[PDB]
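Given next, in structure tokens, is a single chain: the form deposited in one PDB entry.
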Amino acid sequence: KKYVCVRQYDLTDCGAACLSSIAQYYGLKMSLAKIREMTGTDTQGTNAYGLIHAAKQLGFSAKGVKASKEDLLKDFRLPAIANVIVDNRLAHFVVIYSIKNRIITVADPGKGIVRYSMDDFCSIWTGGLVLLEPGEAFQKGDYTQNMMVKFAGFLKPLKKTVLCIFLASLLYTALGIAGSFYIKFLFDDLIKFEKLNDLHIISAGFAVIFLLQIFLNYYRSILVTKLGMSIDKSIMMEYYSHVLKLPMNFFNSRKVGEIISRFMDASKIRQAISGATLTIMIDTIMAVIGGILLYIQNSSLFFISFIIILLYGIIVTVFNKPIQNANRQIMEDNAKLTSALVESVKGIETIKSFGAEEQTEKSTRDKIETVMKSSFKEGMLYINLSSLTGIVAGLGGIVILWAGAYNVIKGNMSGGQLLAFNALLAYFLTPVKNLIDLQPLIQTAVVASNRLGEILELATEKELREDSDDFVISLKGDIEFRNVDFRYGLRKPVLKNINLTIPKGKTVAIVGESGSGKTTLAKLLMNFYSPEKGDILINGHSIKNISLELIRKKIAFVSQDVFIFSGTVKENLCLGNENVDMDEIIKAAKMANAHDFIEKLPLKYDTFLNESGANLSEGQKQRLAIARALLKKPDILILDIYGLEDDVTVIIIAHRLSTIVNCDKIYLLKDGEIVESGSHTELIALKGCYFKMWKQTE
């Protein structure tokens, strides 16, 4: 039974990759994205609890234990998940597959199948283990989809261009093969018989043939470039359009670079969607034709050339994998060096204050030395590959000339025929070499296609929505949280049975300490996330049965983390809607008292805020956000009484109780519950916690 080792698409999916490897070993193959989202993988990776949760969800019976070196030799399920502390710097997950004769075999998602000794493994091992076995409710299958199929289905509208490229390539090949006989016509017939006029005629004809070949190459290059750009743009725009529709748990669980690297994955996919298909067709046909021609010229020389290309293919195939491993190591070392440099430059003031310039210099020198050492290992691999390939090619050329001279002496050939064979070798060795050189291009494209197309299988925010009645048109009413439970991913719960009621049109506030979870209530109210238990009701109706458009349109949230987009002030204030008249923006700016600083700007309401409002500072961006929210005209407004309608609910989130005294209701949020609710005078009385925080704060 083969050992399946699923590799990582990112840095934080080690546990998801391990669980996928075990599932595939047991006959259940799924995409890495679904398993990653079941395990609760986020920017901090995954923990054991997520692994057992997903395994139980996947039909496995799983448990988590802490073992020792004395327990690593008993009778237990051979495939397990183990925790390692690799480099004494990074926690990681590996899959244990077999222990016998004191040799630990583990699939590491970042490296592959590796075998440690007992000593090294116990040095890196933490002692924690996840034991899994298929249960009663286990169902095998293959829920993964082939991505090359659809990424080549993008080629369906562009079939005419592919046909034109194919025809141009065949015409180019025919012209080149025809022109390869100029040297034969020279030596066998023109030079030998001293025919001067015919020399000029044939030379002019072959010059014309070469010019036609150049024109065909020009046309084919233009077509290939345009096709490649078209496919790149199509894949990129499809990926971006799907990503913009995904829920917020997709964005909280991933970094920006993780989402952006798929734009390079798109080009990686295209290089095999366009390059590999055309290469395979054109070069297979050309190699067959060139081989037939070479065999017609001479059988022994053709066999010599076949042996040459066989040796080249063997050498390249042997050297393929170590080059990839060395490149991966080099990229890792470059990432570490760049991280160290950025950290040292950003925190230069602390280094100067503590006088750690020498230590930082030595550390950066050591990391540079590591990078150089990793670069020399790949440099030596390429040098060895080039030397072996050069040996094969040069010795093959010398042997071809040797055997051709032998055949000419023996009458089996002519000197012109040998020169023509040498010329024609470019139309048999080059196509087969190009076909051989497709191994690194297709594996990389397959990995990139899986990476990009596993996201496109994820459900969008609107798809996961339930049945929404089209009768609710306004969100004005009491806001009820009934037994609401929530947790970010598979972490410790943030809200433990929230139960509260916010009256209609009243200005209420939510108070508590930092990290209590006050922002979580606002996020759940806007329906960015859904509660795992309980319900949220607006005007009596459940939030899940109200259209997402209305929820997103009639609820506004202004926090301290104001985001301003790169554009004019009017463009940022008119985000989402464009059929707005300037007097409305003026009124909103006046209400949010943002009018003055916009007026005293180079281009009032047209000033371009470069680098996300770098010109402005904290205090003006907040006013811009408030003005934008007022332009939104919300029925519920969350802040951290401008205009409004006196029935628009306003919810204030703060921890400094001084500014909440005038609020109609105050909800104290402690330990994931609304412990106390009431007016400032009532809560400041002999009630408990509220008095304590009031006296402590000031």
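If you superpose the two forms and keep the largest set of C-alpha atoms that fall within 1.5 Å, you have the rigid core. Residues that one form lacks are left out of the comparison. The numbering used is simple: start at 1 and walk along the sequence shown.
A second form of this protein, the form deposited in another entry, is not displayed here; the remarks below concern that form.
Core-based superposition between this form and the one not shown shows that, of 494, 351, 543, 243, only 351 has its Cα displaced by 2 Å or more. Taking the rigid core as fixed, one finds a CA shift for residue 470 of 2 Å or more between this form and the one not shown. If you fit the rigid core between this form and the one not shown, you'll see the Cα of residue 557 move by less than 2 angstroms. Shown in the overlay between this form and the one not shown, fitted on the rigid core, is a CA shift at residue 517 smaller than 2 Å. Residues present in both forms were considered; between this form and the one not shown, the rigid-core fit shows Cα displacements of 2 Å or more across three or more consecutive positions at 146-238, 263-452, 470-472.
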